[PDB]
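Inspection log for the structure reproduced underneath, given as structure tokens.
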Amino acid sequence: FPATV
Amino acid sequence: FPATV
Amino acid sequence: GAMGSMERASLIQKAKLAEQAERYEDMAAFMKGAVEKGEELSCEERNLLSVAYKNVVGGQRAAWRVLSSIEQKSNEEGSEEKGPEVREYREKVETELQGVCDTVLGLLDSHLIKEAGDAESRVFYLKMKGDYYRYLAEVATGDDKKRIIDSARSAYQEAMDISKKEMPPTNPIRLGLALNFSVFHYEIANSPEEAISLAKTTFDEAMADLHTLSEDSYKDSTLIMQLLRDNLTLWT
Amino acid sequence: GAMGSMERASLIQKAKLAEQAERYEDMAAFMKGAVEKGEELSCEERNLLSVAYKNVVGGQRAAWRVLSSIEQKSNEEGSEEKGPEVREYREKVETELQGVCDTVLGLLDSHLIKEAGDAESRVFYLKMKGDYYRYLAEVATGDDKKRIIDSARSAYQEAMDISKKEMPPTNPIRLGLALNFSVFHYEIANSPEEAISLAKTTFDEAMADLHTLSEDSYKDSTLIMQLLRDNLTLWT
Ligand SMILES: C=CC(C)(C)OC[C@H]1O[C@H](O[C@@H]2C3=C([C@H](C)COC(C)=O)C[C@H](O)[C@]3(C)/C=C3/[C@@H](COC)CC[C@H]3[C@@H](C)[C@H]2O)[C@H](O)[C@@H](OC(C)=O)[C@@H]1O
Ligand SMILES: C=CC(C)(C)OC[C@H]1O[C@H](O[C@@H]2C3=C([C@H](C)COC(C)=O)C[C@H](O)[C@]3(C)/C=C3/[C@@H](COC)CC[C@H]3[C@@H](C)[C@H]2O)[C@H](O)[C@@H](OC(C)=O)[C@@H]1O
Numbered sequence: 001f002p003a004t005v
Numbered sequence: 001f002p003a004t005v
Numbered sequence: 001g002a003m004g005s006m007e008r009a010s011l012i013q014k015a016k017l018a019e020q021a022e023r024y025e026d027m028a029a030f031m032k033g034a035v036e037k038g039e040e041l042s043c044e045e046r047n048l049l050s051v052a053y054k055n056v057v058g059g060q061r062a063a064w065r066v067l068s069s070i071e072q073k074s075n076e077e078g079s080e081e082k083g084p085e086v087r088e089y090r091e092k093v094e095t096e097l098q099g100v101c102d103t104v105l106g107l108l109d110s111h112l113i114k115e116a117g118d119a120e121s122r123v124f125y126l127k128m129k130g131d132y133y134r135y136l137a138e139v140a141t142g143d144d145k146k147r148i149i150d151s152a153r154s155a156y157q158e159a160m161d162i163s164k165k166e167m168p169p170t171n172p173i174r175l176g177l178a179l180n181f182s183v184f185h186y187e188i189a190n191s192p193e194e195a196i197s198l199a200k201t202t203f204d205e206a207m208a209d210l211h212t213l214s215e216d217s218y219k220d221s222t223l224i225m226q227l228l229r230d231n232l233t234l235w236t
Numbered sequence: 001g002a003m004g005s006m007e008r009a010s011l012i013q014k015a016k017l018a019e020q021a022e023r024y025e026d027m028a029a030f031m032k033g034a035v036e037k038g039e040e041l042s043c044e045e046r047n048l049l050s051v052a053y054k055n056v057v058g059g060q061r062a063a064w065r066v067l068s069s070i071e072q073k074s075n076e077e078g079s080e081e082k083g084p085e086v087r088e089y090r091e092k093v094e095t096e097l098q099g100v101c102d103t104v105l106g107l108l109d110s111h112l113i114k115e116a117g118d119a120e121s122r123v124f125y126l127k128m129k130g131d132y133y134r135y136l137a138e139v140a141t142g143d144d145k146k147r148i149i150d151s152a153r154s155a156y157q158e159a160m161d162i163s164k165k166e167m168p169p170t171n172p173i174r175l176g177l178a179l180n181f182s183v184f185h186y187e188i189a190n191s192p193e194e195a196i197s198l199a200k201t202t203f204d205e206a207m208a209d210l211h212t213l214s215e216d217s218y219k220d221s222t223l224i225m226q227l228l229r230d231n232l233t234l235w236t
């Protein structure tokens, strides 16, 4: 899972 | 805070 | 109520899914549905019930303590008067916490404790009853405070007398009850000496009974003896 | 609805209490109340709104992925047929997730985006709109899947065109939009190349603009450039 903000 | 279970 | 049309085995299955998803409120509602089918719970089912509510009320208690701490700060000399909001929001969380404790206690009272004839189920439900009254005591403030503390002590004491008669000192339910009753003494009943004496003799009697155990079908017991030791280290 | 009788300033105050108590569902309801007063939100209030819902839908998404994973496992060759329960409980979480996304989108549509005239508020609300459609795309399965993915892309793209015209490359909203649009490309739109190209040029243009910044009123920007780099490292 990649980072989001 | 002390531990409880 | 809402769970009345779901199969008992489907409630237990969904509670285990909800546990894996860390969805504790759903987990508690599935287990309340399961209890309300009117059959006894097995050992595994008891554990699902107690974990679900421990977690729901655990997050309410953590939130209540953040808010109560803010609130006490706003009552110190020279603190700016912030209006009714902190007390209002603290009371909201507190009343939701109290309703969850009332729901658990109503389940214990209708009819888990009365139908529990084996020691392990009886002690387990009396421990839960002690814990939920204890959670209520943590927030109790008016007339009821004494009576609530006494319902807690009375439930814990009855569970202790049975656990001492019917279970070995290393039984994880017997050990977890002593851990929690001992915290009750320290944090609620203003009896730090009784707290310390109970955790010590609990720890020592369980030590002396380890030799009878398989190595290890007793991971839960090991863990609890450690928490007794950590409490003793905090307190002494 | 339920917040109609509370003061706007009392809603904002309670949302900040709920944030400190990690009570995100209460936080989201207070902020929905505040939005429904019909005034614009300040920069700080926008942040409260977006944090509250990010956290509520973040826990739903984590639970949905646990359940969906269980469910796919039960559809493999030689998996025991467990009945309708896993799909039922997955659909329950999924429909609660979708209702929260519909609630956020209804707030954006009535009337946050339309009244947002400054770039920072307009871009911020369009980003949120992109994210919530993206969350819906993650679970979308039928006819709607294409249209939802396109509403996401369309919202993100409009936010990108404005952010490129009106904001410096190190603006934290401009940077967080690019991070998230770039994840959309990778995980939703099946365009890993567009994802990588966007995070890279985003990272590089922000690097070259650091020299204009005070050291540091830009901790949020630093943090986001790092997440761009972590995504690039996962992907390349
Ligand atoms: C909720 C289900 C899951 C997570 C599957 O089970 C919780 C746990 O369920 C059992 O453990 C119980 C148990 C706990 C153990 C001390 C945890 O042990 C380990 C090594 O993780 C804490 C849990 O909340 C639970 C169910 C509760 C109690 C407590 C209940 O009072 C009413 C009294 C003491 C303790 C007893 C019932 C423990 O036996 C098991 O014996 C544990 O399994 C092992 C390997 O120890 C398992 O992790
Ligand atoms: C919810 C309120 C609190 C916790 C007080 O504020 C959250 C945070 O609020 C602001 O940070 C925003 C912000 C985030 C920062 C990247 C976090 O930065 C640090 C160093 O913690 C993540 C938050 O969710 C938030 C509000 C969201 C967004 C995102 C919203 O899209 C619609 C776009 C990028 C990012 C922007 C708006 C950041 O400016 C601030 O600039 C941060 O303060 C500092 C010192 O960086 C603060 O931690």
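Chains as they are written, first to last, in the working numbering: chain U, 1 to 5; chain S, 1 to 5; chain C, 1 to 236; chain Y, 1 to 236.
We put the beta carbon where it would ideally sit given N, CA and C, even for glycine.
- For residue 29/Y, the three-state secondary structure derived from DSSP is helix.
- Bounds of the alpha helix (DSSP H) holding residue 231/Y are 219-235.
- Under a 10 Å Cβ-count criterion, residue 14/C is classified as buried, with 16 or more other Cβ atoms of the shown protein chains found around its own Cβ.
- Judged by DSSP secondary structure, residue 15/Y falls within the alpha helix (DSSP H) whose first and last residues are 8-20.
- Relative to the non-hydrogen atoms of ligand 1, the Cβ of residue 54/C comes within a distance shorter than 8 Å of at least one.
- Pairing residue 187/Y with residue 94/Y, the inter-Cα distance amounts to about 18 Å.
- If you draw a straight line from the Cα of residue 145/C to the Cα of residue 177/Y, it is about 52 Å long.
- At a cut-off of 9 Å between beta-carbon atoms, residue 149/C makes no contact with chain S.
- Interface flag for residue 72/C against chain Y is unset, since no Cβ pair is found closer than 9 Å.
- Straight-line measurement puts the Cα of residue 183/Y at about 46 Å from the Cα of residue 216/C.
- For residue 5/U, the secondary structure class from DSSP, reduced to helix, strand or coil, is coil.
- Not one beta carbon of chain U lies nearer than 9 Å to the beta carbon of residue 59/Y.
- Rounded to the nearest whole angstrom, the CA to CA distance from residue 41/C to residue 163/C is 19 Å.
- With distances taken between CA atoms, residue 20/Y lies nearest to 63/C out of 63/C, 84/C, 104/C.
- Distance from the C-beta of residue 176/Y to the nearest heavy atom of ligand 2 is below 8 Å.
- For residue 180/Y and residue 58/Y, the gap between their C-alpha atoms comes out near 14 Å.
- Burial is judged here by how many other beta carbons sit within 10 angstroms of a residue's own beta carbon; residue 2/Y has fewer than 16 and is exposed.
- Rounded to whole angstroms, the gap between the alpha carbons of residue 167/Y and residue 60/Y is 33 Å.
- Within the region 217-236 of chain Y, the residues whose Cβ lies closer than 7 Å to some Cβ of chain U are 224, 227, 230, 231, 234, listed in chain order.
- Residue 135/C holds the alpha-carbon nearest to the alpha-carbon of residue 97/C among 231/C, 72/C, 135/C, 202/C.
- For residue 161/C, the uninterrupted alpha helix (DSSP H) run begins and ends at 145-166, by DSSP.
- Residue 110/C has its alpha-carbon roughly 32 Å from the corresponding atom of residue 191/C.
- For the region 167-185 of chain C, the set of residues with a beta-carbon nearer than 7 Å to any beta-carbon of chain S comprises 176, 179, 180, 183, in chain order.
- About 27 Å separates the CB atoms of residue 32/Y and residue 141/Y; that is not less than 8 Å, and the two are not in contact.
- Excluding residues up to 5 positions away in sequence, 125 lie with their Cβ nearer than 6 Å to the Cβ of residue 113/C in the same chain.
- At least one heavy atom of ligand 2 lies less than 8 Å from the C-beta of residue 222/Y.
- Rounded to the nearest whole angstrom, the C-alpha separation of residue 48/Y and residue 133/Y is 20 Å.
- Chain-order list of chain Y residues neighbouring residue 145/C: empty, with the shortest C-beta distance near 24 Å, by a criterion of under 7 Å.
- In the structure shown, the three-state DSSP call for residue 37/Y is coil.
- Below the 7 Å Cβ cutoff, chain C contributes 20, 21 as neighbours of residue 66/Y, in chain order.
- Note on geometry: alpha-carbon atoms of residue 197/Y and residue 231/C lie some 55 Å from one another.
- Pairing residue 121/Y with residue 90/Y gives a Cβ-Cβ distance that is not under 9 Å.
- Annotated three-state conformation of residue 75/C is coil, per DSSP.
- In the DSSP assignment, residue 23/C falls outside any alpha helix (DSSP H) and carries neither an H nor an E.
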